[PDB]
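The block underneath contains the structure these notes are about, expressed in structure tokens.
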Amino acid sequence: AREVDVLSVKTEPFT
Amino acid sequence: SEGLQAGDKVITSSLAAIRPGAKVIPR
Amino acid sequence: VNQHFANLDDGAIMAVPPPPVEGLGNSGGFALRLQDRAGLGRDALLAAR
Numbered sequence: 036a037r038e039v040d041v042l043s044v045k046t047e048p049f050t
Numbered sequence: 347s348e349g350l351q352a353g354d355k356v357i358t359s360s361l362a363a364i365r366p367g368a369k370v371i372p373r
Numbered sequence: 648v649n650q651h652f653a654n655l656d657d658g659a660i661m662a663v664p665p666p667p668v669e670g671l672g673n674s675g676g677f678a679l680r681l682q683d684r685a686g687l688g689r690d691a692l693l694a695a696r
């Protein structure tokens with residue numbers, strides 16, 4: 036199993 | 347715009363070396 | 648080198664030795680050309696590839 040970087044998706048306001 | 351929700355754990359690395367359903371070690 | 652970087656996360660990295668004879672290839676081993684001799688098309692070419 037190869038180690039991978041994981042990003043937890045979050046919501047933020049963006050204009 | 348669609349297909350993702352808050353809290354989803356997306357993979358940002360090794361994408362070319364991973365097949366669907368394969369087991370990986372999250373860092 | 649191949650062992651240390653076998654788990655690179657952004658891209659691919661590969662170490663090879665030089666070919667024994669200059670001018671006969673980029674590295675040692677075998678080099679084949681798969682040919683579209685019947686005009687199957689690029690999509691069929693990639694499928695067979």
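Chains as they are written, first to last, in the authors' numbering: chain Y, 36 to 50; chain L, 347 to 373; chain D, 648 to 696. For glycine and all other residues, C-beta sits at the position ideal for the given N, C-alpha and C.
Proximity of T46 (chain Y) to chain L, defined by a Cβ-Cβ separation below 9 Å, is satisfied. One thing to note: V370 (chain L) has its Cβ no nearer than 9 Å to the Cβ of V44 (chain Y). Taking all protein chains in view, the Cβ of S347 (chain L) is surrounded by fewer than 16 other Cβ atoms within 10 Å, so the residue is classified as exposed. DSSP places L692 (chain D) in the helix class (H, G or I) of the three-state scheme.
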